[PDB]
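Participant: Protein chains in written order, with my numbering: chain Z, 266 to 463; chain P, 60 to 256; chain B, 60 to 256; chain R, 266 to 463.
Just so it is clear, CB atoms sit at the ideal spot from N, CA and C, and this is done for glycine as well.
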Amino acid sequence: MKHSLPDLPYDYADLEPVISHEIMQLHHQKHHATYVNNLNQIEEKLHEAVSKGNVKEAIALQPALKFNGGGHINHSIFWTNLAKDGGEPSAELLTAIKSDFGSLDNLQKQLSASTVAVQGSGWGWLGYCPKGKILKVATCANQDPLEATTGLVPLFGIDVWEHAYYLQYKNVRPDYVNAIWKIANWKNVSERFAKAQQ
Amino acid sequence: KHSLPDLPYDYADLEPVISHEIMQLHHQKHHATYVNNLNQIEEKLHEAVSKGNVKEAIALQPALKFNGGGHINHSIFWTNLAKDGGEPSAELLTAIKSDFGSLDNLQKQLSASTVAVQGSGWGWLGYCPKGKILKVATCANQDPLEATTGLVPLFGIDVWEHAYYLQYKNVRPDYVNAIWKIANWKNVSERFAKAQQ
Amino acid sequence: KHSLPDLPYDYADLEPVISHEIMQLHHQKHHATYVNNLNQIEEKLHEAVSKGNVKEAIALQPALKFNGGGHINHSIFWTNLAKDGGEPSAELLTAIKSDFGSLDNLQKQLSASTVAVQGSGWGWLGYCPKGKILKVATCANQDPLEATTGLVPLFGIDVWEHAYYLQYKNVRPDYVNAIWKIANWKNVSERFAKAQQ
Amino acid sequence: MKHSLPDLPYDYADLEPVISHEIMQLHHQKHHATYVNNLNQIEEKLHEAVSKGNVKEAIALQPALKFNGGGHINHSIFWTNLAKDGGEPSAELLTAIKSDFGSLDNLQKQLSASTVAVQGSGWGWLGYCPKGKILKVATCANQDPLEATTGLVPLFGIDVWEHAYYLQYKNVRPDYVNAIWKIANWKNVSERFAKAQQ
Ligand SMILES: [Mn+2]
Ligand SMILES: [Mn+2]
Ligand SMILES: [Mn+2]
Ligand SMILES: [Mn+2]
């Protein structure tokens, strides 16, 4: 068993004009592949340490597992979160969206603001709190994955690492964050919401 | 399986620097709890990693560092103390003088850094295998020195309030100063020798 | 200048939940130290910012958060406790039931989160002005709730070991459970009303 | 009194082929300018809070001051750290370099490795410990400035935020980190070392 780089649900140029094909190819083939490749090696070293009962070595490996494992989790979710033909939120999801945010417009505004405000590299997420049964906006630093680090089940994420938009948008992160809503795969988000309530 | 080590001395053997009650609680309750939790968390982590459950493996990280670190830190700490801990080896004293000027200077610097810890944590005299020099470092909570910094621990000062409160109350500096009276230089010297291998 | 507030009760008035000695040390030593240090650090920060010394201003940040936070947190904490603290207001109980199902559920959730704090910190019942709902949150060390999260503090549980060790020793959960007996619901209710303005 | 965007010691295309003119212009006119502009506003708000004795507000402003103030400190140092004609380390500096690293080659190797290993956005620095009287390699996250956060006096820094190299180097951060040594302003580093020993 090993982790593998998932195929994108679309071709590399399918998200143009919102995300360029060069960003998509680099992001997928170089950035995500690197996280996966490192993840496999780190997981092996971690299993080795844990099997030995070597607590020092297991702790030492934690930042690398979080970063690469998180990188893999986050990008895997991200690819599915996007579509040229996203559709619209499910009836169940919109009820909750209206309940916790008032409207879809309020949700998009709040997620966009929080995401743009990330200092350095990171992610913005729409998440579901299983315990509170409530929808939440959260941000994560670097590749810290949402669920593992907060308990929130990720529904929709926006990658704001500079590699996610710089070639196209340069320093103008807000233009990317607002434009990404045009390609939000609501069908996928709705599916994730349904699973998160199980 | 990880186990609570026996102390190298009786619980009252470090009085009047650290009381019987502190030693007993610190060993039988605090360290024991870290060990027990460590075993539980290590088992869960083994399962998660075995099955390639990266989410679960990441989720367990704070608990493993805290409890695993607690086990590492306290295991070292007990061996770092003694009723009569002697003096640094010739080799260690040479290194101390080289890196800190004098034993008094080392004590002063490590004590000051340790006292300055905000909240719970540890003060450490450590050896850097890369620079081949001694260094003062502090760690938050139960973050273990070597796993998190690469520095090999030689002498640690626990400044979690449970390490001194029953006796010293708020006066952490007095505990940090007094612990030098029971520093087990035989052990610190042995750790220094091993760190150089 | 920042000053140590007088307690709303005598030092032994919270017995047998929190001892006279704990209250006296916690107030006269721990809180007093945060206040004294806060005044020193605020003065240095005023000077640094006045002169546009960004380096110095940044360097003072851990000390200001720790000591300023200590002052904020303990100031609230004293008012959150009482010998006879009554019951939540009608309004607060409605909000508690809405957000947590029951007062018992709130107590359980906040107690569990607070007990789970690794190292030194605080447990808080807070009000989110954005969501207009009650929330359980924890803070590390002296990180103050509102400045760091935006949540308005309503009821806090200090789990720094100095808050309970002399009496409860390692058994933090018993202290966290017992503190509900002296929760000053009059004050929590007043804070809730003010948070809604 | 206010903070201002310093002029670069050279023209925008002067660091080509090692750093492109588009990177330099964006980095200076957009990224650094943003930090300065925000810094001025945040410092005013902080002075207001501190003058009032409003501890909550002063604490609340800390991340924004660290980030923007740090951004300003770091980039200000960075521009001076580079040159088409850097020269060579001073006699005093090289003695210390040899003492703490064995050689210049060992220093460059170690700083390069640490810098490349930064997870997310950050900086790699050659720093001077005033207390230990020793040279150290350190890294900083996001815009955390070296001296304020560690006590180490910065001598030479390498910006590894993706905006510092992506347009040119794409994902290949190591090529940028190794190539930046070609433009290291040793005269400036030597000057900083001399001041740090005072
Ligand atoms: Mn990415
Ligand atoms: Mn301890
Ligand atoms: Mn306290
Ligand atoms: Mn930069």
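Among all the DSSP beta bridges, which residues are the ones paired with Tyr393(Z)?
Facilitator: Locating residue 393(Z) in the first sequence gives position 128, counting from the first residue. In DSSP, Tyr393(Z) forms a bridge with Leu400(Z) and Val418(Z).
Participant: Within 6 Å: the Cβ of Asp202(B) and any heavy atom of ligand 3?
Facilitator: Residue numbering aside, residue 202(B) sits at position 143 when the third sequence is read from its first letter. Outside the cutoff, so no.
Participant: Out of curiosity, what's the CA-to-CA distance linking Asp365(R) and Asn339(R)?
Facilitator: Working through the fourth sequence from its first residue, we reach residue 365(R) at position 100. Working through the fourth sequence from its first residue, we reach residue 339(R) at position 74. Approximately 24 Å between the Cα atoms of the pair.
Participant: Excluding sequence positions up to five away, which residues of its chain have a Cβ less than 8 Å from the Cβ of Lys310(Z)?
Facilitator: Along the first sequence, read from residue 1 onward, the residue named residue 310(Z) stands at position 45. Hits under 8 Å: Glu322 and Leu326.
Participant: Are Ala403(R) and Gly392(R) touching if we call contact CB-CB under 7 Å?
Facilitator: For this step, residue 403(R) is matched to residue 138 along the fourth sequence. For this step, residue 392(R) is matched to residue 127 along the fourth sequence. Yes; because the gap between Cβ atoms is below 7 Å, this pair is in contact.
Participant: Check for me: the alpha helix (DSSP H) holding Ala356(Z) runs from which residue to which?
Facilitator: Counting from one through the first sequence, the residue named residue 356(Z) turns up at place 91. Its alpha helix (DSSP H) spans residues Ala356 to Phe366.
Participant: For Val113(B), tell me which candidate among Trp451(R), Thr414(R) and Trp446(R) has the shortest Cα-Cα distance.
Facilitator: Residue mapping note: residue 113(B) aligns to position 54 of the third sequence, counting from 1. The shortest C-alpha separation from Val113(B) is found at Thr414(R).
Participant: Using a cut-off of 7 Å between C-beta atoms, extract the partners of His89(B) located in chain P.
Facilitator: One-based indexing of the third sequence puts residue 89(B) at position 30. Here the neighbours are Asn229.
Participant: Determine the closest residue to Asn243(P) out of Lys253(P), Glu150(P) and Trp137(P), with distance taken between C-alpha atoms.
Facilitator: By 1-based counting over the second sequence, the position of residue 243(P) is 184. Nearest C-alpha to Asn243(P): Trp137(P).
Participant: Measuring alpha carbon to alpha carbon, tell me which residue in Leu213(B), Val76(B), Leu66(B) and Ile100(B) is nearest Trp181(B).
Facilitator: Along the third sequence, one-based indexing puts residue 181(B) at 122. Closest by alpha carbon: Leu213(B).
Participant: Is any heavy atom of ligand 4 found at a distance shorter than 6 Å from the C-beta of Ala348(R)?
Facilitator: Here residue 348(R) is taken as the residue at index 83 of the fourth sequence, counted from 1. No, the beta carbon of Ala348(R) sits no closer than 6 Å to any heavy atom of ligand 4.
Participant: Apart from the five residues just before and just after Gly129(B), which ones in its own chain have a Cβ nearer than 6 Å to its Cβ?
Facilitator: Your numbering for residue 129(B) matches position 70 in the third sequence. Counting only Cβ-Cβ distances below 6 Å, and skipping sequence neighbours, we find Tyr93 and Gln201.
Participant: Is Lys447(Z) close to chain P? Criterion is C-beta to C-beta, closer than 7 Å.
Facilitator: Stepping through the first sequence from its first residue, residue 447(Z) is reached at position 182. It does not; no Cβ of chain P falls within 7 Å.
Participant: On the DSSP bridge assignment, give the partners of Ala406(R) in chain order.
Facilitator: Translated into positions along the fourth sequence, residue 406(R) becomes position 141. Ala406(R) is bridged to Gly387(R).
Participant: Tell me which residue opens and which closes the alpha helix (DSSP H) that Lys245(P) is part of.
Facilitator: Within the second sequence, the letter at position 186 stands for residue 245(P). Per DSSP, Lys245(P) belongs to the alpha helix (DSSP H) from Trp244 to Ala254.
Participant: Please list the partners that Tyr224(P) has in chain A, where partner means a Cβ-to-Cβ separation under 8 Å.
Facilitator: Absence of chain A from the displayed structure is noted, the protein chains being Z, P, B and R.
Participant: Are the C-beta atoms of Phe332(Z) and some chain R residue less than 7 Å apart?
Facilitator: Residue numbering aside, residue 332(Z) sits at position 67 when the first sequence is read from its first letter. Yes, contact with chain R.
Participant: Using CA atoms only, rank isn't needed, just tell me which of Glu281(Z), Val442(Z), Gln290(Z) and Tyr275(Z) is closest to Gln373(Z).
Facilitator: Taking the first sequence and counting its residues from 1, the one referred to as residue 373(Z) is at position 108. The option with the nearest alpha carbon to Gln373(Z) is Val442(Z).
Participant: Between the alpha carbons of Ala378(Z) and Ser355(Z), how many angstroms are there, rounded?
Facilitator: As a working mapping, residue 378(Z) is identified with position 113 in the first sequence. As a working mapping, residue 355(Z) is identified with position 90 in the first sequence. Each residue's Cα considered, the two are about 24 Å apart.
Participant: Measure the CB-CB distance between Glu101(B) and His221(P) and report whether it falls below 7 Å.
Facilitator: Position 42 of the third sequence, counted from the first residue, corresponds to residue 101(B). Position 162 of the second sequence, counted from the first residue, corresponds to residue 221(P). Cβ atoms of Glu101(B) and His221(P): not closer than 7 Å.
Participant: Can you tell me whether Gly367(Z) is buried or exposed, with buried defined as 16 or more other CB within 10 angstroms of its CB?
Facilitator: For the purposes of this step, residue 367(Z) is identified with residue 102 of the first sequence, where counting begins at 1. The residue is exposed, with fewer than 16 neighbouring Cβ atoms inside 10 Å.
Participant: Rounded to whole angstroms, how far is the Cβ of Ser248(B) from the Cβ of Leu151(B), which I believe are closer than 8 Å?
Facilitator: Taking the third sequence and counting its residues from 1, the one referred to as residue 248(B) is at position 189. Taking the third sequence and counting its residues from 1, the one referred to as residue 151(B) is at position 92. At roughly 5 Å, the Cβ-Cβ gap stays under 8 Å, so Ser248(B) and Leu151(B) are in contact.
Participant: What's the call for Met289(Z), buried or exposed, on a 16-neighbour Cβ count within 10 Å?
Facilitator: Start at 1 with the first residue of the first sequence, and residue 289(Z) comes out as number 24. Buried.
Participant: From what residue to what residue does the alpha helix (DSSP H) around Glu74(B) run?
Facilitator: For the purposes of this step, residue 74(B) is identified with residue 15 of the third sequence, where counting begins at 1. Careful: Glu74(B) lies outside any alpha helix (DSSP H) and carries neither H nor E.
Participant: Hey, would you say the C-beta of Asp163(B) is under 6 Å away from at least one heavy atom of ligand 1?
Facilitator: Numbered from 1 along the third sequence, position 104 holds the residue referred to as residue 163(B). Because no heavy atom of ligand 1 lies under 6 Å away, the Cβ of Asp163(B) does not count as near it: no.
Participant: Strictly by DSSP, which residues pair up with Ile423(Z)?
Facilitator: Position 158 of the first sequence, counting from 1, holds the residue named residue 423(Z). Note: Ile423(Z) sits in a beta bridge opposite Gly389(Z).
Participant: Do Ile448(R) and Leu291(R) have their C-beta atoms within less than 7 Å of each other?
Facilitator: Position 183 of the fourth sequence, counted from the first residue, corresponds to residue 448(R). Position 26 of the fourth sequence, counted from the first residue, corresponds to residue 291(R). Result no, Cβ atoms of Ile448(R) and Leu291(R) do not sit closer than 7 Å.
Participant: Does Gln99(P) pass the burial test, meaning 16 or more other C-beta atoms within 10 Å, or should it be called exposed?
Facilitator: Taking the second sequence and counting its residues from 1, one reaches residue 99(P) at position 40. With fewer than 16 Cβ atoms within 10 Å of its Cβ, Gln99(P) is classed as exposed.
Participant: Leaving out the 5 sequence neighbours to the left and right, which residues in its chain are closer than 7 Å to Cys405(R) when beta-carbon positions are compared?
Facilitator: Taking the fourth sequence and counting its residues from 1, one reaches residue 405(R) at position 140. Cβ neighbours of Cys405(R) beyond the five flanking positions: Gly387, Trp388, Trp390, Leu411 and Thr414.
Participant: Mind checking the region 308-342 of chain R against chain B and listing, in chain order, the residues whose C-beta falls within less than 8 Å of any C-beta there?
Facilitator: The region 308-342 of chain R vs chain B, Cβ under 8 Å: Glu308, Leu311, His312, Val315, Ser316, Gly318, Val320, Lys321, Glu322, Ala323, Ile324, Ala325, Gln327, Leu330, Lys331, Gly334, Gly335, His337 and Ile338.
Participant: Tell me the residue span of the alpha helix (DSSP H) that contains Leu304(Z).
Facilitator: As a first step, residue 304(Z) must be located in the first sequence, where it is residue number 39. Run containing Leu304(Z): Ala298 to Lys317, per the alpha helix (DSSP H) assignment.
Participant: Note down the Cα distance separating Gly351(R) from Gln168(P), rounded to an integer number of angstroms.
Facilitator: Within the fourth sequence, residue 351(R) is the residue found at index 86, counting from 1. Within the second sequence, residue 168(P) is the residue found at index 109, counting from 1. Rounded to whole angstroms, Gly351(R) to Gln168(P) spans 38 Å at the Cα level.
Participant: Against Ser78(P), what residues of chain B qualify as contacts under a CB-to-CB distance less than 9 Å, listed in chain order?
Facilitator: On the second sequence, residue 78(P) is found 19 positions in, with the first residue counted as 1. None at all; the shortest Cβ gap to chain B is about 12 Å.
Participant: Listed in chain order, which residues of the region 178-195 of chain B have Cβ atoms closer than 9 Å to some Cβ of chain P?
Facilitator: The region 178-195 of chain B vs chain P, Cβ under 9 Å: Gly178, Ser179 and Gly180.
Participant: Using only the heavy atoms of ligand 3, determine whether one of them is closer than 6 Å to the beta carbon of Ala199(B).
Facilitator: Here residue 199(B) corresponds to residue number 140 of the third sequence, with the count starting at 1. Every heavy atom of ligand 3 is 6 Å or more from the Cβ of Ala199(B), so no.
Participant: Roughly how many angstroms separate the alpha carbons of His286(Z) and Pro274(Z), rounded to a whole number?
Facilitator: What you label residue 286(Z) is simply residue 21 of the first sequence in a count that begins at 1. What you label residue 274(Z) is simply residue 9 of the first sequence in a count that begins at 1. The straight-line gap from Cα to Cα measures roughly 14 Å.
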